[PDB]
**Q** 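After the structure tokens below, expect a handful of questions from me.
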Amino acid sequence: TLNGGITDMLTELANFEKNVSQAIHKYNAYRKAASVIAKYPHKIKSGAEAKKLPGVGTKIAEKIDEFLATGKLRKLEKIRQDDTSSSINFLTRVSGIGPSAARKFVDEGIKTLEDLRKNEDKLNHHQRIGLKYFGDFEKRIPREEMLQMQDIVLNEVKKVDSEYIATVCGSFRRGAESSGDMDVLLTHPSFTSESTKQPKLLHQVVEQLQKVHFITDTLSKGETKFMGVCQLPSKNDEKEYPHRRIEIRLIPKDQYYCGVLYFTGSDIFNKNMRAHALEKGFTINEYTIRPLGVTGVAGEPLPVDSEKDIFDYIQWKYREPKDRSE
DNA sequence: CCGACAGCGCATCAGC
DNA sequence: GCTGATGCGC
DNA sequence: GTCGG
Ligand SMILES: O=c1ccn([C@H]2C[C@H](O)[C@@H](COP(=O)(O)NP(=O)(O)OP(=O)(O)O)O2)c(=O)[nH]1
Ligand SMILES: [Cl-]
Ligand SMILES: [Cl-]
Ligand SMILES: [Cl-]
Ligand SMILES: [Cl-]
Ligand SMILES: [Mg+2]
Ligand SMILES: [Mg+2]
Ligand code: NA
Ligand code: NA
């Protein structure tokens with residue numbers, strides 16, 4: 001946290017561009033800058049110093065000098081005072097309400113938690129669940145609870161079929177002391193890149209979890225991706241645990257490594273790694289790594305027997321999950 | 001300068 | 001109904 | 001907003 005003030009500033013700017021300006025590239029520019037500065041092992045003393053880092057240009061350098069000299073940024077000061085911006089930024093905090101819907105609601109005069117609650121009939125299913133658990137979704141998940149959550153999911157999945165393999169990825173797998181949610185990667189021998197010998201593979205698991213009352217709500221659900229809400233059981237006379245966001249992503253078993261790589265992140269790490277891959281002549285997704293032809297068209301999937309193999313293809317030294325938190 | 005910026009699942013919609 | 005675009009999120 | 005060619 002040597003540069004917490006600067007990274008917070010850039011993150012706020014990133015959120016402004018994404019949520020209010022709807023300028024996704026500026027949003028990513030700011031996040032990339034915050035990221036590289038977040039790992040820079042020195043307390044930054046000037047914008048010039050910061051500008052030496054990749055992702056930090058002239059504009060950000062200037063902002064860093066202003067922040068260093070005054071402890072704040074006029075641009076953000078004004079943004080915070082702008083009611084429209086503030087309202088739109090707030091609404092996007094509800095799961096399911098993005099930049100477009102927030103601006104629409106604000107036009108309709110809906111700009112507060114109270115307003116949303118009085119207009120629940122104007123929200124789609126996802127948004128409705130997001131509003132319902134607004135508070136809870138704001139709370140972090142102590143790793144201690146993530147461990148209890150992992151135990152339940154793995155045991156319940158085992159009960160459905162001993163051949164399933166559930167792996168908790170995301171921030172949990174990177175060793176984080178607390179997580180925003182639980183990301184579960186799921187595989188079964190019946191579902192491979194070559195065939196699906198068993199339908200409802202994901203359904204059966206979600207069903208078992210609801211039956212035991214672990215999964216309490218559903219945000220979205222397809223044949224390979226489920227996103228919903230879950231809750232740990234509490235004891236007698238004990239206050240209940242906050243509801244938590246959970247996702248179960250079913251991936252073809254023979255494509256496990258590309259899958260766990262993708263699901264372990266971080267998101268910015270994946271962006272950087274996939275970008276590097278392109279420069280090296282490859283393309284990486286959660287299923288495979290393919291070479292790029294002289295035309296740019298992805299070729300056939302290359303053999304993969306470990307996460308490290310993927311790193312080898314792009315000439316990157318292997319990085320443990322804990323060191324991928326960019 | 002200037003095009004590129006990672007890659008994709010599910011929900012909802014318009015047009016047919 | 002379908003396909004394709006778009007919103008939203010991982 | 002940043003940057004490689
Ligand atoms: O833009 C994205 C978002 C997520 N992901 C991948 C990497 C990330 O680690 C994983 C899980 O997504 P989350 O949004 O759950 N983030 P993470 O688990 O890293 O952190 P936390 O949940 O604690 O915020 O999905 C991407 O590749 N791109
Ligand atoms: Cl943009
Ligand atoms: Cl500020
Ligand atoms: Cl693929
Ligand atoms: Cl690790
Ligand atoms: Mg997560
Ligand atoms: Mg997640
Ligand atoms: Na730079
Ligand atoms: Na949102």
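So that the names make sense, note that chain A is the first sequence line, chain B the second, and so on, each numbered from 1. Atoms considered below: every heavy atom in the structure, side chains included; atoms not considered: hydrogens, waters and symmetry mates.
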**Q** Does the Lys NZ or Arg CZ of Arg143(A) fall within the cation-pi geometry relative to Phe172(A) - under 6.0 Å from the ring centre and within 45° of the axis?
**A**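 Yes - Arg143(A) lies over the ring of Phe172(A), closer than 6.0 Å to its centre and within 45° of its axis.
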**Q** Are a donor atom and an acceptor atom from the side chains of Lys122(A) and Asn119(A) found within less than 3.5 Å of each other?
**A**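 Yes.
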**Q** Give me the residues of residues 274-293 of chain A where at least one heavy atom lies under 4.0 Å from an atom of DNA chain C, by number, or none.
**A**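 DNA chain C contact set from residues 274-293 of chain A: none.
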**Q** Can you give the dot-bracket line for DNA chain B, where a pair is Watson-Crick or G-U wobble with both atom distances under 3.5 Å, crossing pairs use [ ], and | marks a partner on another strand?
**A** |||||.||||||||||
**Q** Hey, does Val94(A) reach any base, or is it just sugar-phosphate, or nothing, if we go heavy atoms under 4.0 Å?
**A**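 Result for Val94(A) = sugar-phosphate.
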**Q** Please check this pair: side chain of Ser35(A) against backbone of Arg31(A), looking for a donor-acceptor N/O pair closer than 3.5 Å.
**A**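 No; judged by distance alone, with no hydrogens or angles, the pair does not exist.
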**Q** Could you check, using the six-membered ring where one of them is a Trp, whether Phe134(A) and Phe90(A) have ring centers closer than 6.0 angstrom?
**A**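 Ring centres of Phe90(A) and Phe134(A) closer than 6.0 Å.
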**Q** Which part of the nucleic acid, if any, lies within contact of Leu53(A), taking any heavy atom under 4.0 Å across all strands shown: a base, the sugar-phosphate backbone alone, or nothing?
**A**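 Sugar-phosphate, backbone atoms only, no base.
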**Q** Reckon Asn124(A) touches a base, only the sugar-phosphate, or nothing at all at heavy-atom distances under 4.0 Å?
**A**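 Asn124(A): backbone/sugar contact only, no base atoms under 4.0 Å.
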**Q** Which is true for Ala23(A) with a 4.0 Å heavy-atom rule: it touches a base, it touches only sugar-phosphate, or it touches nothing?
**A**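 Counting heavy atoms under 4.0 Å across all strands, no contact is made by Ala23(A).
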**Q** Under 4.0 Å between any heavy atoms, over every strand shown, what does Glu17(A) touch: base, sugar-phosphate, or nothing? Just pick one.
**A**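 Nothing: the residue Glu17(A), judged by heavy atoms under 4.0 Å, touches no strand.
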**Q** Is there a donor-acceptor pair closer than 3.5 Å between any side-chain N or O of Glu66(A) and the backbone N or O of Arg74(A)?
**A**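 Yes, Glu66(A) side chain to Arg74(A) backbone: donor-acceptor pair under 3.5 Å.
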**Q** Across the strands shown, which category fits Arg103(A) at heavy-atom distances under 4.0 angstrom: base, sugar-phosphate, nothing?
**A**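 The answer is nothing, as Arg103(A) stays clear of every strand by at least 4.0 Å.
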**Q** Report whether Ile152(A) and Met227(A) are members of the same hydrophobic cluster (ILVMFWY, side-chain heavy atoms less than 4.5 Å apart, transitive linking).
**A**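 Different hydrophobic clusters.
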**Q** Check whether any side-chain N or O of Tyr164(A) sits under 3.5 Å from a backbone N or O of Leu201(A) as a donor-acceptor pair, and report yes or no.
**A**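 Indeed, once roles are kept as given, a pair shorter than 3.5 Å links the two residues.
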**Q** Got a donor-acceptor contact below 3.5 angstrom from the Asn28(A) side chain to the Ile24(A) backbone?
**A**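 Looks like yes, one N/O pair under 3.5 Å.
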**Q** Checking all strands, does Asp183(A) fall into the base, sugar-phosphate, or nothing category for heavy-atom contacts under 4.0 angstrom?
**A**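 Sugar-phosphate only.
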**Q** Return yes if some donor-acceptor pair links the side-chain N/O of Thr112(A) with the main-chain N/O of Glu114(A) below 3.5 Å, else return no.
**A**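 A pair under 3.5 Å: yes.
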**Q** Extract, from 5' to 3' on DNA chain B, the first and final nucleotides lying under 4.0 angstrom from some heavy atom of chain A.
**A**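 Span of nucleotides near chain A: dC5(B) to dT12(B).
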**Q** For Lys59(A), which contact category applies under a 4.0 Å heavy-atom criterion: base, sugar-phosphate, or nothing?
**A**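 Here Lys59(A) touches the backbone only, sparing every base.
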**Q** Report which part of the nucleic acid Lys32(A) touches: base, sugar-phosphate, or nothing (heavy-atom distance under 4.0 Å, all strands).
**A**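 Nothing, no heavy atom under 4.0 Å.
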